[PDB]
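Geometric and topological summary
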Amino acid sequence: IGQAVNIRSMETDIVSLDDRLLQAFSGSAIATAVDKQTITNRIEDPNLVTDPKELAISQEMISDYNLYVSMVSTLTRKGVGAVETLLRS
Amino acid sequence: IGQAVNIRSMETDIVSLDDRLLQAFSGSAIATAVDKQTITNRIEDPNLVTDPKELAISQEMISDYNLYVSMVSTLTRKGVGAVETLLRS
Amino acid sequence: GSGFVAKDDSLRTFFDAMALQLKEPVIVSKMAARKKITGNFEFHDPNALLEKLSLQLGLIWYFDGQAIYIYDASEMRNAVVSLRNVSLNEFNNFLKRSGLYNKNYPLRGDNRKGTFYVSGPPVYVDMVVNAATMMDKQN
Amino acid sequence: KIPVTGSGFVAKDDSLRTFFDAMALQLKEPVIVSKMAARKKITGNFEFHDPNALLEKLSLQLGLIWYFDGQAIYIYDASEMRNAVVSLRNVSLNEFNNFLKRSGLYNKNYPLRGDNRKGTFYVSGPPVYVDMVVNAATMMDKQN
Amino acid sequence: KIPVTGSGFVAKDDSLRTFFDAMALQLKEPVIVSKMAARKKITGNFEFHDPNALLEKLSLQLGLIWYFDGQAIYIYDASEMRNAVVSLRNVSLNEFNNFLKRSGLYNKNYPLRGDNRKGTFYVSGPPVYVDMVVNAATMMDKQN
Amino acid sequence: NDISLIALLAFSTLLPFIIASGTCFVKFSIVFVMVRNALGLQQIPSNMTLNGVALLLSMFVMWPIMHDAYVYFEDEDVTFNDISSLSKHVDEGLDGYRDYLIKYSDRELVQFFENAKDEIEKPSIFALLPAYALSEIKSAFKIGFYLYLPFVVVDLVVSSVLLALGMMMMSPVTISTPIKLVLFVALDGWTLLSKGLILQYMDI
Amino acid sequence: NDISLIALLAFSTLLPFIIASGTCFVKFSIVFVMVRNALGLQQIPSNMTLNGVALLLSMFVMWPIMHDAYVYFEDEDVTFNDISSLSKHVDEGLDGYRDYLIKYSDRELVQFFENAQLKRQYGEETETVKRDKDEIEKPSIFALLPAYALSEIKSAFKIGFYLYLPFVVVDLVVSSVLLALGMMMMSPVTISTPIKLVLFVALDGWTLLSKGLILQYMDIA
Amino acid sequence: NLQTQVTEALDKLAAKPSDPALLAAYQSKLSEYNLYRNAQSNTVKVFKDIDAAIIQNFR
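Residues numbered from 1 in each chain as written, not as in the entry; some residues may be left out. Chains lettered and ligands numbered in written order. Part of a larger assembly, values for the part shown. Heavy atoms only, no water. Residues with missing side-chain atoms left out of burial classes, pairs and counts.

If you look chain C up in the PDB entry, it shows as Protein InvG from Salmonella typhimurium. In its PDB record the entry is named "Focussed refinement of InvGN0N1:PrgHK:SpaPQR:PrgIJ from Salmonella SPI-1 injectisome NC-base".

Naming follows the PDB entry, where chain A appears as Protein PrgJ of Salmonella typhimurium. Comment text from UniProt for chain A, heading Function, reads "Required for invasion of epithelial cells." Its UniProt record gives chain A the following Sequence similarities comment, quoted word for word: "To S.flexneri MxiI." (UniProt positions renumbered as here; feature names shortened; annotations may be inferred.)

Listed below in structure tokens is the structure:
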């Protein structure tokens, strides 16, 4: 069981706007890419799939990936529709 | 059961954007025709569908065939939808 | 004698001119390239001039054997990491035997235990975190 | 072309970010000032000859909190002080204070309030001190 | 028609790609310069008596990294250096470092930092060196 | 890959507003209407068939910018172990749009938006897209005054030759509008202003 | 915890009508239709793009206000243990938007809606509140944004009258020099339209009015 | 390479279908391949359905 956490979030004043969105995009793309591997090599490793102790964890992570990317999909759809309702007139 | 690959992807010059689109259409209609005839010859040979190892392979070729043509459909739909709003103005 | 005469240079072109008197290339970050400098500088003791300028302008730097990464002070991040089956002493022996031991930013923690505290440049902490979590899985 | 031959920093309406980096060589560590404590301004003729008492006096007159973790000097404003209550399951407070004394992260300005050999205590201070003590006390219980 | 009595290259506002192609005959190998490292410009009278010693001096003055893998000379600028740390299961460092020497890829300017008998090591350099080292070290543990 | 599927859809659904605001389509679609209002016409030819040819004309000089982002983003090195190196990589992709915008935007106005040289760092993409659109509407107004100007003279000269005779109570719009468009077809002004409009951005 | 997501998605669906009413997009849109109308141009410059250029400035000003909501509401200690402290937390989250409404709305127009809502609430016997509330008491969030949107329509029409003036001084002297001659049967707007366009492009009203509106909310250096 | 030692344990029980230790190891093999195959089938399916949900949302 190995864990790690970083505590102090980087924060300052940028009057620049796009690079904060670039950090948000890369921070979501990497966190959704590391976990698709972590669930896949948990499933192709034939030792983890047989243990009932490990299986309780394995059902959890597929739900955490499922709810996460579906949340970003619905938030963005309302986001791009909100600008649509003002500009289409 | 003995395969072959071709390694040359030739390049002909486009004379226009219309000359570009004819290659992009002919390059995609062959791939969508061939993959559907691949999955039919996979099914119509009945010794391929009775083995456990080849079934997840045919599952993969199914899910790629669904995701490919759905991704080109919604993109061309939003493309011509982007044309209609500008032409309405 | 050598030297550089900077007139409103942009702090990326200033440290690139020192990349010949220092024997390694210098990689300055994006946020740290907005400050500016001007004046007459003479490069004859570069490792004593890099620390004195890095404390007055406000910068952090780290040389790992191949290049000299230079950030500014607002990008320093920190972390805490727990090891289950290896202690701090032979991980410090891994850093001393490898050449990545930096005496300005050491590791804070009990000497033969699992927990310690890391703080430094962003190219330093992502190496110490990834090297520490890839030794427990090998052991 | 430069005036009188003493030592000092003349501040003509600086903004607390360009001021503390001038003190960042007498202090031999870099200084990181937060965003809420970078909106105040200072003006005057200052003189650094021992800066750890000057920072203690100015942190009370301006209203500030600060923490030196061994490699940098973090500076926050007083409206960013967070606190938390955490209960330890498998290790005591004196065996956690020996970890803070041996690691040099112990700070006498913001100590730990709690019973001397128990599991529950109370921390308060800057967010880099609280986020270190909470995670360093939770990650020791999962070891034991 | 071309009056200069010497033997050298005159560059008038070149773009670091037409410049290094002029040195690509005295070097016996072709040179490949990236996209971000082709926006700088050079002008002046040059002379390639020995290019492997001229290229080291210009790569430190301009700020550049380069690599020769036996068939070509890749050239990037210093802001594109990528680094990664990777671990090995059942091949040591002393056995992996002899694969580089016997192949002809052991670069003495960007060596491999790590403990002599372990799984983990730290590599840094040009991207053509990094995506060769990570893959050629990963594809030796699946074999064993 | 899954998050990039969002941003790939998010460009596409936002295309008829970025093409509405961040290209030279606004200049073509604006000059093609005031040439009708210059000639004294109201519904001829349309608002649809003038937007269609203005769309294709703007699609010529804009396609190579859109084309290079494909071939740049098809490459295999989109897998990076670092967060910020991918943020750099997507920053390195948009430089085809940034170099297009800085050429036709004002440096003082984008410096104003930057407050709330350019070789070490490029200014942000949201700091200059209105400055581009606000520069195009101004330049299209300025070029709109010029080709408006010769039709005023034919509007004035026939009103003065009718006032030279005694017929003062005579509406000159039924006579000037024949003389208006023969000035535009003997010049063949349609085939030449589309030429110099293309040559204003794309060289020969 | 689960219904906090319901409150998030229900806030998400009603978003662009808040941009339609609550923000300062209403100042940019009106004055941009007015500079189109004062020039006499009807269809051009094709107001689908004029909504976009008016939106981007308003987002450019509104971004520091809305950004503090994310960092305040993505806190891991949103969930409290008491029912009144949890309702207190959304008030002190909404206070950064609310004092923005206080700064830019009218005094008496806001003051009229509390007296109008209280006599609906209890009855006529409720005594009226005066100006002197302003030092301590805050109004509701649903009594502000009507009087806000009316005050911003007042300020946008205040701006729109002023640059309407230098065009009608042109449009009267052209209608007078044509009647100085005997040219009574002549449409003066087709002679007035070039010199109306010159008086805006030589004055360059776009690149100083655009700076003027950002100066009406924020400052430089 | 799991299918190799799947296909390697069936033949010794086929040649000798009365050893009690072998059918215990054979059943211990075949149920683990049973647990592996539907795990792979169930794991590709979510990656297809959530990929279909994005185009279902954006259409």
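1. Structural notes on the packing of aromatic side chains
Residues and elements named next belong to chain F. Counted according to the given criterion, the structure contains 46 aromatic pairs over all chains. Considering the side-chain rings of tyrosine 97 and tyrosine 100, the 6.0 Å spacing of their centres and the 85° angle between planes classify their relative orientation as edge-to-face. Residue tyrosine 97 and its partner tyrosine 100 are located together in helix α5 (residues 95-104), separated by three residues, close to a single helical turn. In this structure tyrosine 97 comes out as partly exposed when scored by relative accessible area, which is 22%. Look at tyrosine 100 and you get buried, because its relative accessible area is 12%. (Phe/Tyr/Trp six-rings, centres within 6.5 Å; stacked < 30°, edge-to-face > 60°. Helix = DSSP H or I, 4+ residues; strand = E, 2+ residues; numbered from the N terminus. Buried < 20%, exposed > 50% of the residue type's maximum accessible area, 1.4 Å probe, protein only.)

2. Quick look at the interface of chain C and chain D
If you look at the interface, chain C gives 22 residues, while chain D gives 23 residues. Broken down residue by residue, the surface that chain C buries against chain D is led by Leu55, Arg108 and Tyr117 of chain C, which jointly contribute 28%. Where chain C meets chain D, there are one salt bridge. Between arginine 102 of chain D and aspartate 110 of chain C there is a salt bridge, and its shortest N-O distance comes to 3.1 Å. Inspection of the chain C/chain D interface yields two residue pairs in polar contact. (Contact = heavy atoms within 4.5 Å. Buried area = accessible area lost by both parts, 1.4 Å probe. Salt bridge = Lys/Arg side-chain N within 4 Å of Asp/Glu carboxyl O. Polar contact = N/O pair within 3.5 Å; in protein donor to acceptor, adjacent residues only side chain to side chain.)

3. As for the interface of chain F and chain G
Every contact between the two is made by 35 residues of chain F and, on the other side, 31 residues of chain G. Summing the contributions of chain F and of chain G, the shared interface buries around 3,200 Å²; its carbon and sulfur component is 83%. If you sort the residues of chain F by the area they bury against chain G, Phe112, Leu134 and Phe141 of chain F come out on top, with a joint share of 20%. In this structure, the salt-bridge partner of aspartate 204 of chain G is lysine 138 of chain F, at a minimum N-O distance of 3.9 Å. Seen at the junction of chain F and chain G, the total is one residue pair in polar contact. Examining the composition of the side of chain F that touches chain G, we find that 14 residues originate from one element, helix α7 (residues 129-164) of chain F, more than from any other. Residues of the side of chain F that touches chain G, tallied by class, amount to 25 nonpolar, seven polar and three charged. (Nonpolar A, V, L, I, M, F, W, Y, C, P; charged D, E, K, R; others polar.)

4. Quick notes on helix α10 (residues 189-201) of chain G
Look at α10 of chain G: 18 Å from first C-alpha to last across 13 residues, which is about the 18 Å you get at 1.5 Å a residue. Among the residues of α10 of chain G, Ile191, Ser192, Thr193, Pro194, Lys196, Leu197, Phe200 and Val201 of chain G are the ones counted as buried. (Expected span 1.5 Å × (residues − 1).)

5. Thoughts on the pattern of salt bridges
Enumeration according to the criterion identifies 26 salt bridges over all chains in this entry. Notably, a salt bridge pairs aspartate 13 of chain A with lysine 35 of chain D, separated by 3.5 Å at the nearest N-O pair. Of this pair, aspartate 13 of chain A sits in the loop between β1 (3-6) and α1 (18-44) while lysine 35 of chain D sits in the loop between β2 (31-33) and β3 (42-46), placing the two residues on different chains. Two residues, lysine 36 of chain A and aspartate 2 of chain F, come together in a salt bridge whose shortest N-O distance is 3.6 Å. In this pair, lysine 36 of chain A is assigned in helix α1 and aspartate 2 of chain F in helix α1 (residues 2-21), connecting two distinct chains. If you follow the salt bridges from partner to partner, you end up with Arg39 of chain E together with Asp91, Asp95, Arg98, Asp99 and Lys122 of chain F in one network.

6. Description of unusual backbone geometry
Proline 45 of chain F follows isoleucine 44 of chain F through a cis peptide bond whose omega is 0°. Summarising the element assignment, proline 45 of chain F is placed in the loop between α2 (25-39) and α3 (49-73). Residues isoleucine 44 of chain G and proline 45 of chain G are joined by a peptide bond in cis, for which omega reads 0°.

7. Overview of the side chain of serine 103 of chain D
Tracing the backbone shows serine 103 of chain D in helix α2 (residues 94-103). Among all residues touching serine 103 of chain D, those that are not within four sequence positions of it are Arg108, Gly109 and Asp110 of chain C.

8. Some remarks on the side chain of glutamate 114 of chain G
With respect to the element layout, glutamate 114 of chain G can be found in helix α7 (residues 107-121). No salt bridge is formed by the buried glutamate 114 of chain G; the nearest opposite charge belongs to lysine 133 of chain G, separated by 5.0 Å. (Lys, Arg positive; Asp, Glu negative; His and termini not counted.)

9. Section: the sheet that holds strand β2 (residues 31-33) of chain E
All names here are of chain E. Taken in spatial order, the three strands make up an open sheet running β2-β5-β4, and their pairing is mixed. Whereas interior strands pair on both sides, the edge strands pair on one side only; in this sheet they are β2 and β4 (64-68). The sheet shows a mean angle of 20° between the axes of neighbouring strands, direction not considered. In the sheet, β4 pairs with strand β5 (residues 73-77) via five bridges, with the strands oriented antiparallel. Across the sheet, residue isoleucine 65 finds its bridge partner in β5, namely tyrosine 76. (Pairing = 2+ DSSP bridges. Axes fitted to C-alpha atoms, helices over the stretch in contact; angles between N-to-C directions.)

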